[PDB]
Structures are given as structure tokens and as C-alpha cells.
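Engineer: Sharing a structure below in C-alpha cells format, with a few things to ask.
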Amino acid sequence: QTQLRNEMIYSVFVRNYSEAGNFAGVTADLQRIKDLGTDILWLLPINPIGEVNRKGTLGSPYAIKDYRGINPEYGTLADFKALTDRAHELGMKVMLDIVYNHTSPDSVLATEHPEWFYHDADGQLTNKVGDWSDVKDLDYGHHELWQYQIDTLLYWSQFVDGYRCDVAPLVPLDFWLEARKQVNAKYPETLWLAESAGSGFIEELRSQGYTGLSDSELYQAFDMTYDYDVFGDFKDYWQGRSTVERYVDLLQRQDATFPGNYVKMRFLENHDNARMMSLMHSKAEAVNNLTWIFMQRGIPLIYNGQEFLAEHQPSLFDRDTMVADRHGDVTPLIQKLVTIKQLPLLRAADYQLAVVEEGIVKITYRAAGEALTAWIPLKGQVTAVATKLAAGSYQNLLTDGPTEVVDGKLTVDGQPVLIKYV
């Protein structure tokens, strides 16, 4: 499980990735995705989308009409298979998005097994979340639903290597445990990422009697969860409504909240969120903040287009092709972070965070008589920082440039300093 801490996920929204917006558009470009340093290629949902109560023109990929079908938007089963075959040829794993809280109202399950759904007073299908007018909730109270859900997985597991589970906290833990048991029995290497919730949403769900799993509950069934417990706290810090001391204190608390082997997916943006390059506006800022998501304990997410400094959050509902939304290129930076992220020290049990000079964040991993320290000036701070290193020249792993330690002090010039030492 801690091997994932040497890895990186790249997330692709097929509809919008290329002009054509099909699998082929992705398949044609898998070498670039591989070369970026991608270990796991996670695709947004690839199944046919509901027509009834559709939101916008194409609808959200999260409103699924058939869990076992291919969205004709993307092409055919053979086209999907060409993508996965190519990804595997290049050594990547493919992860699919699993949307198991709900289906579109016109879905196969809703027409053939309407009894597996929640029904309100009129006997109408229903959605616990107001905004989600395009989908209706499944009732995992009906244990026969389970086997269909899981059989869908064993089917896709012929092609893919793992699953990202959409709003996983809304679906009962006992279902996830069985799902994983059956799937990893046939496919033992299978990876499981949960889209965990913030405390706000968990509380709202629980207070209305709905299922709302904690992140630690999810870890009983999942290898990874999302940083949604603290992402809000990052934004507040970033936007000047929280201090670095409060943010780092929350991550210190976070680190002892989960089992020692836990893996959080650390991110600056994703499909559901504003772009990194809407939070910040310069390549200097991107270097600091990408270094931060790579150097924290866990596994970083790169959302398609983030490597080209995209500014626009693609719509989920209408065509919103992201090809012209490129404003630079931090590929070399990401590749270089990937080479550092591969180091065994990144799996080390001894991980410490501290707030140092001018509110710089200092990360340290220690294991087996070696250490890696990253000084990350999230805010572009320029200052000397204290170190117990002997005087002399060290290699900043980020730049491969020399870094002078003089009288127990080293210069951080508004960009990260990464030093591996004995």
C-alpha cells in the first residue's frame, strides 16, 4: 500500500481531452501521459448517460444509464480495449470511475430492478442531494443489488486495474468490503480510490439518517482517499483566511487520524474544482504548490491540462474542449518531481511537517540512516533557513543545482530546496 506513495495519478475527462473527445483522442496521446510520469490513468465515467432529467446538452458522465455499456460519445468497446491495451503496453494501470450511489432515472437498473431504488411517498424514485436532479439513489438495503454491482466490476476488471468510487461515503461500508473481497479474489492487484467527503457533507448526511462514512471507515475497503478533509483548509490558507500554522496543525492531526499505511491523494484541482491556475497565476507559484502535493505523504493527482497551466474548469454537462486552454508548460517540473517521488524515502514511516522561517513549510522523511528535507516556500518567501547540516555544498534535488550551507543556514530563494542526506 505504501508503494502508492512513490506514484502519481493522471485524471482524464475523455469528452474534453481532445477535439474529437473519444477514446482514440486519448489513446493517440498515451505516450505523453506515460512520459509525464503517470502510474495510474484514471478515466472519468465512460458509460452511456441518462436522457431523462439530463443536465445540459451531453449530460454529466456521473448520470449513468448503463453501468455495463460504453458511452457512444467515446466510441465502442473495441476503442476502449485499444486504450487499455496501449496503456498496459506502456506500463500504466487504468482506473475507471465507479458511480454507485445512484443511476439516471432511465437506467437499465431503474427499468429492470426499480425495487433496488429508494422510493418516496408517491412511489417516485428520489435523490437525497437537492442539486442531483439527473440521478436517483440506489438502496443497498437490498442485498441482491450488491451482486449485480460486483459482477459489473468483475467484468470491467478484465480490462482495467482499479476503481475510483464516486461519493463512496454514501454507499454502505459492508457493500464496499464485499465488493473488494470478490474483486481482489479474482484480480488481487486491484486498486481502490474512494472519493471521500468533507466533514460538512458527512454531518449533513448523517443528521438526516443517511449513510455518510468517515475516511477511516473507507480505508477498511480502500487503498486511497481524497484530501477532502483538509483541501478546504489548504484553500483558506492559500487565500489568506487561515495561517500556515493552523493549516500545518491540521495536517499533523490528519497524519495520526488514519492507519500507518494510509495513502491520501493530494491535489490542487480536479474535475469538480477550479483549476490550480485560477488559484494562482504564475509558474513560480505552480512550482511551489506542485512540489507541495508531491512531497506530502501520499499520492499526487494531476488533472488533464494542469500540466499546461489550464485556467478553465471544464463543464461536466456541455462540451467544453480543453485543447486551447494551455498557457504554459510545467511538464519538465512534473517529470522531475516524479523522479524524486520515486525515492524509497517517500515511503518512510517517519514523516514530519514543521513551520519554519517566514512561514516556510519544512517536510522531512527519515529512514535507515538517510533523510530527505524539503523547504517549500508556498508564498515565495526569500530568507535563510536554519539547518543542522554541516557547511558545504549540497544538491537541491529540484534543480540539480548546488545549495550552500553556511553557519547552520541555507538560502531559500522563493522556490523549494530539496536535500537528501545521511
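We label chains A, B, ... in the order they appear in the C-alpha cells, count residues from 1 in each chain, and number ligands from 1 in the order shown.
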Pick out the residues sitting within 7 Å of region 21-34 of chain A, and hand them over as a PyMOL selection string; count only C-alpha atoms, and ignore anything fewer than 2 positions along from it in its own chain.
Structural biologist: chain A and resi 14-19+36-38+73-75+79-80+83+86-87+90
Engineer: Selected residues, C-alpha atoms, written as an mmCIF file, in the first residue's frame, please.
Structural biologist:
data_model
loop_
_atom_site.group_PDB
_atom_site.id
_atom_site.type_symbol
_atom_site.label_atom_id
_atom_site.label_comp_id
_atom_site.auth_asym_id
_atom_site.auth_seq_id
_atom_site.Cartn_x
_atom_site.Cartn_y
_atom_site.Cartn_z
ATOM 1 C CA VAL A 14 -12.358 11.896 -22.358
ATOM 2 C CA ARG A 15 -15.165 14.118 -23.715
ATOM 3 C CA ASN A 16 -12.991 17.194 -23.316
ATOM 4 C CA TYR A 17 -9.380 15.883 -23.560
ATOM 5 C CA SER A 18 -9.244 16.196 -27.371
ATOM 6 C CA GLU A 19 -11.209 17.952 -30.116
ATOM 7 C CA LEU A 36 4.741 12.845 -17.772
ATOM 8 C CA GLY A 37 5.342 10.144 -15.106
ATOM 9 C CA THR A 38 1.805 8.734 -14.818
ATOM 10 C CA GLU A 73 -19.597 9.669 -27.392
ATOM 11 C CA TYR A 74 -16.314 7.922 -26.755
ATOM 12 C CA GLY A 75 -16.767 5.264 -29.428
ATOM 13 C CA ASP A 79 -11.987 1.531 -28.869
ATOM 14 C CA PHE A 80 -11.902 1.226 -25.079
ATOM 15 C CA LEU A 83 -6.891 2.384 -24.991
ATOM 16 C CA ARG A 86 -1.953 0.625 -25.152
ATOM 17 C CA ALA A 87 -1.831 1.928 -21.558
ATOM 18 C CA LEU A 90 3.323 1.443 -21.788
#
Engineer: If we count only C-alpha atoms and set the cut-off at 10 Å, which residues sit around region 132-138 of chain A, ignoring sequence neighbours fewer than 5 positions away in its own chain? Please answer as a CSV table (one decimal) with N, CA, C and O atoms, in the first residue's frame.
Structural biologist:
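Writing done, so here's selection-v7.csv:
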chain,number,residue,atom,x,y,z
A,49,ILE,N,-25.0,8.0,-20.9
A,49,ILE,CA,-25.5,9.0,-19.9
A,49,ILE,C,-27.0,9.1,-20.1
A,49,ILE,O,-27.5,9.1,-21.2
A,50,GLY,N,-27.7,9.2,-18.9
A,50,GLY,CA,-29.1,9.4,-18.9
A,50,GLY,C,-29.6,10.5,-19.8
A,50,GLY,O,-29.0,11.5,-20.0
A,51,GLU,N,-30.8,10.2,-20.4
A,51,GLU,CA,-31.5,11.1,-21.3
A,51,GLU,C,-32.6,11.8,-20.4
A,51,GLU,O,-32.8,13.1,-20.5
A,52,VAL,N,-33.3,11.1,-19.6
A,52,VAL,CA,-34.3,11.7,-18.7
A,52,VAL,C,-33.7,12.5,-17.6
A,52,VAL,O,-32.7,12.1,-17.0
A,53,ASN,N,-34.2,13.7,-17.4
A,53,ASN,CA,-33.7,14.7,-16.4
A,53,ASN,C,-32.2,15.0,-16.6
A,53,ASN,O,-31.5,15.4,-15.6
A,54,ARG,N,-31.7,14.9,-17.8
A,54,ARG,CA,-30.4,15.3,-18.2
A,54,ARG,C,-30.1,16.7,-17.8
A,54,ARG,O,-30.9,17.6,-18.0
A,55,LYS,N,-28.9,16.9,-17.4
A,55,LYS,CA,-28.4,18.3,-17.1
A,55,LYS,C,-27.6,18.7,-18.3
A,55,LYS,O,-26.6,18.1,-18.6
A,59,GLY,N,-25.0,16.0,-20.8
A,59,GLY,CA,-25.3,15.4,-19.5
A,59,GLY,C,-23.9,15.1,-18.8
A,59,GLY,O,-22.8,15.1,-19.4
A,60,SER,N,-24.0,14.9,-17.5
A,60,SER,CA,-22.9,14.6,-16.7
A,60,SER,C,-22.5,13.1,-16.8
A,60,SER,O,-23.4,12.2,-16.8
A,62,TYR,N,-21.5,11.4,-14.7
A,62,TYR,CA,-21.9,10.8,-13.4
A,62,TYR,C,-23.4,10.4,-13.3
A,62,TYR,O,-23.9,9.8,-12.4
A,63,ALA,N,-24.2,10.8,-14.4
A,63,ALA,CA,-25.6,10.3,-14.5
A,63,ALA,C,-25.6,9.1,-15.5
A,63,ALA,O,-25.9,9.3,-16.7
A,64,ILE,N,-25.4,7.9,-15.0
A,64,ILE,CA,-25.2,6.7,-15.8
A,64,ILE,C,-26.4,5.9,-16.1
A,64,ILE,O,-27.1,5.4,-15.2
A,65,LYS,N,-26.7,5.7,-17.4
A,65,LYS,CA,-27.8,4.9,-17.9
A,65,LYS,C,-27.6,3.4,-17.9
A,65,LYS,O,-28.5,2.6,-17.8
A,100,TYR,N,-21.7,4.6,-7.8
A,100,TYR,CA,-22.6,3.6,-7.3
A,100,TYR,C,-23.6,4.0,-6.3
A,100,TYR,O,-24.4,3.3,-5.8
A,101,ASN,N,-23.7,5.3,-6.0
A,101,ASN,CA,-24.7,5.9,-5.2
A,101,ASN,C,-26.1,5.9,-5.9
A,101,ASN,O,-27.1,5.9,-5.2
A,102,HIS,N,-26.0,6.0,-7.2
A,102,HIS,CA,-27.2,6.4,-8.0
A,102,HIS,C,-27.0,6.1,-9.4
A,102,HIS,O,-25.9,6.0,-9.9
A,103,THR,N,-28.1,6.1,-10.2
A,103,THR,CA,-28.1,6.0,-11.6
A,103,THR,C,-29.0,7.1,-12.2
A,103,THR,O,-29.7,7.7,-11.4
A,104,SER,N,-29.0,7.3,-13.5
A,104,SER,CA,-30.0,8.1,-14.1
A,104,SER,C,-31.4,7.5,-13.9
A,104,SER,O,-31.5,6.3,-13.7
A,105,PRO,N,-32.5,8.3,-14.0
A,105,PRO,CA,-33.8,7.7,-13.8
A,105,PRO,C,-34.2,6.7,-14.9
A,105,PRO,O,-35.1,5.9,-14.7
A,106,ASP,N,-33.6,6.7,-16.1
A,106,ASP,CA,-33.9,5.9,-17.2
A,106,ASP,C,-32.9,4.7,-17.4
A,106,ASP,O,-32.9,4.1,-18.5
A,107,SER,N,-32.2,4.4,-16.3
A,107,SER,CA,-31.1,3.4,-16.4
A,107,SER,C,-31.7,2.0,-16.5
A,107,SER,O,-32.8,1.7,-16.2
A,109,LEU,N,-30.9,-0.6,-14.6
A,109,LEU,CA,-31.4,-1.0,-13.3
A,109,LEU,C,-32.7,-0.3,-12.9
A,109,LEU,O,-33.5,-1.0,-12.3
A,110,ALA,N,-33.0,0.9,-13.2
A,110,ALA,CA,-34.2,1.6,-12.9
A,110,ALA,C,-35.4,1.0,-13.7
A,110,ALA,O,-36.6,1.1,-13.2
A,114,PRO,N,-36.5,-1.7,-10.5
A,114,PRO,CA,-37.0,-0.5,-9.8
A,114,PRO,C,-37.0,-0.7,-8.2
A,114,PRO,O,-37.0,0.3,-7.5
A,115,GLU,N,-37.1,-1.9,-7.8
A,115,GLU,CA,-37.2,-2.3,-6.4
A,115,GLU,C,-35.9,-2.0,-5.7
A,115,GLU,O,-35.9,-1.8,-4.5
A,116,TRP,N,-34.8,-2.1,-6.4
A,116,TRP,CA,-33.5,-1.8,-5.8
A,116,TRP,C,-33.3,-0.3,-5.5
A,116,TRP,O,-32.2,0.1,-5.0
A,117,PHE,N,-34.3,0.6,-5.8
A,117,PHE,CA,-34.1,2.0,-5.5
A,117,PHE,C,-34.9,2.5,-4.4
A,117,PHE,O,-35.9,1.9,-4.0
A,118,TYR,N,-34.5,3.6,-3.8
A,118,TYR,CA,-35.3,4.4,-2.8
A,118,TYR,C,-36.5,5.0,-3.5
A,118,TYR,O,-36.4,5.4,-4.6
A,119,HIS,N,-37.7,4.9,-2.8
A,119,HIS,CA,-38.9,5.5,-3.3
A,119,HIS,C,-39.5,6.3,-2.2
A,119,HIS,O,-39.6,5.8,-1.1
A,124,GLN,N,-42.3,7.6,-6.2
A,124,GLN,CA,-41.3,8.1,-7.2
A,124,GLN,C,-39.8,7.7,-6.7
A,124,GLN,O,-39.6,7.5,-5.5
A,125,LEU,N,-39.0,7.6,-7.7
A,125,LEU,CA,-37.5,7.5,-7.4
A,125,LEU,C,-37.1,8.8,-6.8
A,125,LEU,O,-37.8,9.8,-7.0
A,126,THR,N,-36.0,8.8,-6.1
A,126,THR,CA,-35.6,10.0,-5.3
A,126,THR,C,-34.1,10.2,-5.2
A,126,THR,O,-33.3,9.3,-5.4
A,127,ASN,N,-33.7,11.5,-4.9
A,127,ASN,CA,-32.3,11.9,-4.7
A,127,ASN,C,-32.2,12.7,-3.4
A,127,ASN,O,-32.8,13.7,-3.2
A,145,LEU,N,-29.1,-6.3,-5.1
A,145,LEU,CA,-28.3,-5.2,-5.8
A,145,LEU,C,-26.8,-5.4,-5.8
A,145,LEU,O,-26.2,-5.3,-6.8
A,170,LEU,N,-21.3,7.6,0.7
A,170,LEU,CA,-22.8,7.5,0.7
A,170,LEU,C,-23.3,6.0,0.5
A,170,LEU,O,-24.5,5.8,0.7
A,171,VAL,N,-22.4,5.1,0.2
A,171,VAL,CA,-22.7,3.7,0.0
A,171,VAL,C,-22.1,2.9,1.1
A,171,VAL,O,-21.0,3.2,1.6
Engineer: Find the spatial neighbours of residue 186 (chain A), counting only C-alpha atoms, within a cut-off of 12 Å - ignore same-chain residues fewer than 4 positions away - and output them as a list in words.
Structural biologist: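 Close residues of residue 186 (chain A): residues 150, 151, 153, 154, 155, 157, 158, 161, 179, 180, 181, 182 and 190 of chain A.
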Engineer: Could you please determine the separation between CA of residue 9 (chain A) and CA of residue 322 (chain A) in Å, to one decimal place?
Structural biologist: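 Interatomic distance here is 18.9 Å.
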Engineer: Using only C-alpha atoms, find the one residue out of A:88, A:204, A:300, A:275 that sits nearest to residue 326 (chain A).
Structural biologist: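 Among the listed residues, the smallest separation from residue 326 (chain A) belongs to A:275.
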Engineer: Contacts of residue 260 (chain A) at 10 Å or less, counting only C-alpha atoms, minus same-chain residues fewer than 5 places along, as a PyMOL selection string?
Structural biologist: chain A and resi 2+255+349
Engineer: Residues as selected, C-alpha atoms, written as a compact mmCIF listing (two decimals), in the first residue's frame, can you do that?
Structural biologist:
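What landed in out24.txt:
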# COMPACT_ATOMS: atom_id res chain seq x y z
CA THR A 2 2.79 2.47 0.80
CA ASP A 255 -1.38 12.15 9.80
CA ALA A 349 7.18 5.94 8.24
Engineer: By how many Å are CA of residue 248 (chain A) and CA of residue 233 (chain A) apart?
Structural biologist: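 Going from CA of residue 248 (chain A) over to CA of residue 233 (chain A), I get 9.4 Å.
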